[PDB]
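Asks: experimental structure below, sequence on top.
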Amino acid sequence: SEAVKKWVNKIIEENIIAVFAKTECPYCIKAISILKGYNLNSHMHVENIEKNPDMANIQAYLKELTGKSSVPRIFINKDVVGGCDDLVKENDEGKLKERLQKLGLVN
Ligand SMILES: [Hg+2]
Ligand SMILES: [Hg+2]
Ligand SMILES: [Hg+2]
């Protein structure tokens, strides 16, 4: 499906912070909470891809883009962050803040 790919692309391209998630997903909730703790709400979009008729197509495309089909899948300014654990590594090692600083999202 070109349609599914274009829809996913629009989510990633029209939101600086794009998170693909599913219902009742503890590591989705943790990742989203970390990002909101940086006061990123205004530039964040969370898409629940389980509440979607094309979940499998979306997951397969997310795997083409990132190497994994699992949620959460996290993009920052179209760059692949990855999953919650990737976000935690970046956060703890200062890479996340650096990322956000270059975008003007944190001082
Ligand atoms: Hg679920
Ligand atoms: Hg949005
Ligand atoms: Hg994590």
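Replies: Looks like it arrived, so ask away. Numbers count the residues shown, from 1 in each chain. Ligands and ions are numbered 1, 2, ... in the order given.
Asks: so who does residue 7 touch?
Replies: By C-beta atoms under 8 Å, 6 or more residues apart in numbering, residue 7 lies in contact with nothing. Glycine gets a C-beta too; all of them are placed from N, C-alpha and C.
Asks: buried stuff in whichever helix or strand it is part of?
Replies: Element membership for residue 7, per DSSP states H and E: helix 2-14. Under the neighbour-count criterion of 16 or more other C-beta atoms under 10 Å, helix 2-14 has 7, 8, 11, 12 buried.
Asks: now swap in stretch 97-105 and tell me
Replies: Using 16+ other C-beta under 10 Å as the burial criterion, the residues of stretch 97-105 that qualify are 99, 100, 105.
Asks: ramachandran coordinates for the spatially most central residue of the chain?
Replies: The structure's the chain has its C-alpha centroid closest to residue 74; by C-alpha atoms, centre = their mean the separation is 2.1 Å. Summarising the backbone geometry of residue 74 under the convention degrees, to the nearest 10, its torsions are phi -130, psi 130.
Asks: make sure residue 23 is actually in contact with residue 51.
Replies: Yes: between residue 23 and residue 51 there is a contact at 6.7 Å, judged by C-beta atoms under 8 Å.
Asks: what are the bridge partners for the residue nearest to the centre of the chain, then?
Replies: For residue 74, the residues forming beta bridges with it (DSSP bridges) are residue 19, residue 82.
Asks: tell me the contacts of it?
Replies: Shown in contact with residue 74 (C-beta under 8 Å, 6+ apart): 17-20, 31, 35, 80-84, 86-87.
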